[PDB]
> 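Below you'll find the structure I mean.
The sequence lines fix the lettering, A, B, ..., with proteins before strands; numbering per chain opens at 1.
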Amino acid sequence: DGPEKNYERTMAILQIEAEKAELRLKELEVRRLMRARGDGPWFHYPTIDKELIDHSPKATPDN
Amino acid sequence: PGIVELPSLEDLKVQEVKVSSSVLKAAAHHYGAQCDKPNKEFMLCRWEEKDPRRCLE
């Protein structure tokens with residue numbers, strides 16, 4: 001292969017690897033925030049479903 | 001927390017129905033028919049308000 005093909009093949013390799021590296025650093029930062037704040041789709045630990053509640057008038061009034 | 005609001009003893013004073021349960025049981029069917037309106041207003045208040053202080057009148 002000539003130097004030009006290897007040179008520009010290297011640039012294509014570097015671009016992919018640089019893009020993956022930035023995404024890897026971004027994922028770690030995103031995970032740290034989500035786990036700290038709980039405001040994301042990850043680390044979403046379930047709470048009790050409120051459709052289970054019965055809203056009918058009960059046997060007694062105060063409830 | 002806040003101070004629980006309570007009505008005064010005078011505000012709670014009413015002439016009671018001082019008859020026994022057998023008297024109430026005997027009259028219950030006619031009493032249910034004749035006094036339905038004020039009774040049902042009271043029960044609607046108690047279930048909507050969920051607070052006895054809000055239904056004393």
> Using a cut-off of 6.0 Å, state whether more than 12 heavy atoms not belonging to A:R9 lie near its atom CZ.
yes

> Please say yes or no: joined through hydrophobic side-chain contacts below 4.5 Å, possibly via intermediate residues, are B:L6 and B:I3 part of one cluster?
no

> Distance-only check: which donor-acceptor pairs of chain A and chain B lie under 3.5 Å?
unit_1	atom_1	unit_2	atom_2	d
A:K58	O	B:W47	NE1	3.2
A:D62	OD1	B:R46	NH1	2.9
A:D62	OD1	B:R46	NH2	3.4
A:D62	OD1	B:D51	N	3.4
A:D62	OD2	B:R46	NH2	2.7
A:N63	O	B:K50	NZ	2.9

> Any link between A:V30 and A:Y45 through a network of hydrophobic side chains (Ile, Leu, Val, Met, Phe, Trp, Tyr) touching at under 4.5 Å?
yes

> When you look at CD1 of A:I48, are more than 12 heavy atoms from neighbouring residues, nucleotides or ligands closer to it than 6.0 Å?
no

> Is the number of heavy atoms from other residues, nucleotides or ligands within 6.0 Å of CG (A:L52) greater than 12?
yes

> Verify the neighbour count for atom CG of B:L12: are there more than 12 heavy atoms of other residues, nucleotides or ligands below 6.0 Å?
yes

